[PDB]
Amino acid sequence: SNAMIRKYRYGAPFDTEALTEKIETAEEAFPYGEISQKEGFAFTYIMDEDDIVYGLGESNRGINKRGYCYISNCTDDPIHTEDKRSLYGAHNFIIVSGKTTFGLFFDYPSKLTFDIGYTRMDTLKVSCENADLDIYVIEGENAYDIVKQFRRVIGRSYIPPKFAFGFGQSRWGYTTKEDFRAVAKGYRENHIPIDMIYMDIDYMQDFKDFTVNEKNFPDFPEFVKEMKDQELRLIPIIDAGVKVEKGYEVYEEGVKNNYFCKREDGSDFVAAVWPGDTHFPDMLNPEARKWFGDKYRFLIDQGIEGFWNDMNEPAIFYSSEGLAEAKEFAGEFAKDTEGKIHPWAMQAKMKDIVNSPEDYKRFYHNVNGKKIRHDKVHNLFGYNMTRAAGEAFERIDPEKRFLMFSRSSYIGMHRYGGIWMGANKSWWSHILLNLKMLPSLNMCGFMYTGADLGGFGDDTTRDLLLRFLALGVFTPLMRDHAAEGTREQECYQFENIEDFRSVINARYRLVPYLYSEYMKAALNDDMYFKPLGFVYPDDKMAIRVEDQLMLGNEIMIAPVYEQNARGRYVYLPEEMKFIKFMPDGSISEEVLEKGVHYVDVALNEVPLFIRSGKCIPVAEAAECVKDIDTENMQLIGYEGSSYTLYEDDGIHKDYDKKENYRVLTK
């Protein structure tokens, strides 16, 4: 089809500000399927048997979304299993790809249900409670063309500083300078590369946003510099909830200036999170956003160059109302002698007060003099928290890139920060799940992304971490961050440390190439990771591959994701050079023809494939991003090919200089 984007408006949509490009309202009949405004809103479309459905960004299941139900409803779940319908992100863009091909973006800020062949195999049904939304229809040559059009109108993706393409580490539990010093020493003295150490909630004073524990960090700026002098940048977490505490300045200011979300009666809503009772900044109120974002100056002025935003669905352990209800019910259960209240009913009530739909109807946002109940705009919360930070960085230092990523998100947030897929338990299934999400995230603007393995208890075995890190080599966010209750030993503490050094070395050897492809893609509103079907649209086998990805225009990745495996099957849609980074520092190469192959990949080997007629630069291993030698890089791949390398200072925003680009020829 001829490229076209049209916007169909229903009712009176809340302005989410997802798009940067203004699309005029289309007046003509809606061009695909059927629209009903009877029971709220529903779009219904009958798919052809061969149709593939792409999109939904951070959502469960596979690259082809057919065959299940997905609900856009920012949610933090304890475990990511196959039946979960909602993850942390609400990314309402889908592309139907087949004989009839088109994209749809449903710009709607509340619970949106995508029944993608779940109820009836041939039926796509997208529904929500109120017909107040904009639907963008995108037409084009194919799915990839449709994605590129969408990427244009949602505005340029967030771009991290180059140090963020290094490796990072963190543990929920690091509290003192001494803990951080031991990690720094463990990596540097064992020559494992690293650029970042993440600080979890224990660095704060009693879990208070925009404080540092003064007992532990009396001289925090000096410690920040101590780490930075060793090319270790500390990246502190910020939470959505601001502790209720008299005399705490962030709390006092929020109360005085009405910057917190309020109950129906205008009192400040209380949600318990890590600090106990908290209030939530009204992320949808521009004045509150400016105030909250400006608080980041507290840490930036101490030498911090990156942040991560958490618990921003927002998470609620319980509300004052929910806790009271639960205690009342517990009292009834305690006194019940007639078998009225079953133990499982008691258990359910306790589970029900966590992230409760009832609580999301108990507080409001103040948006242009109007109070809007939170549930009606729930999916915008994390988005606007991260927007608050991003906009504050632009005011503080317009020309500087800060590392920034968020748990919850909605399209539009992709301009301000990346995302990470969190986890609690260490599962093999996490590897494939995260691989599959990558292209979908890219379709929706989120290019700086990565995942956590889990880390709880002793469940992270050596081989699981090694395979997880070998996927991480390619994801812009690559870190080993372990969750609460972790007893995960450090990379330098596992048996045969050289294997970990090998995998992380591979990341650093690839940084110039990966950074270059990230920059070329971000600056041109293109994808960093692509499904095979976007690159080989005429190959019926290629279009259905879900456990391999194309990266940039030069390579294909295919990580091993099965325990005890010494290799895996791949499909090559053209001739490629199969490359492995070896634990002795060498790079092995084998030419493989188009077709099916089984390739050997040891735990301490990192594989990739270089496409026919392409090459990539590979640096010698270095232990931090600053020390990578990009003057003397070898070119791996096909004789006679060339590669355009993007390289800037990695710090500022001087993107449009011709000097940033140089052609390398093998």
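Quick note: we count residues from 1 along the sequence shown, nothing fancier.
Relative to one another, 313 to 321 and 437 to 445 have unequal mean CA B-factors, and 313 to 321 is the one with the higher figure. In this entry, 217 to 225 has the higher mean Cα B-factor, the comparison being between 217 to 225 and 162 to 170. The top Cα temperature factor in the record, among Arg151, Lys327, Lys246, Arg509, falls on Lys246. Based on the entry's C-alpha B-factors, the most elevated value among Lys626, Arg61, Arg611, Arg66 belongs to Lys626. Remark: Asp115 belongs to the lowest third of its chain, ranked by C-alpha B-factor as recorded. The deposited CA B-factor of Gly637 belongs to the highest third of values across its chain.
The PDB entry assigns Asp480 a C-alpha temperature factor belonging to the middle third of its chain's modelled residues. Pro573 sits in the middle third of its chain by CA B factor, as recorded in the PDB entry. Ranked by C-alpha B-factor against the other modelled residues of its chain, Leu466 falls in the lowest third.
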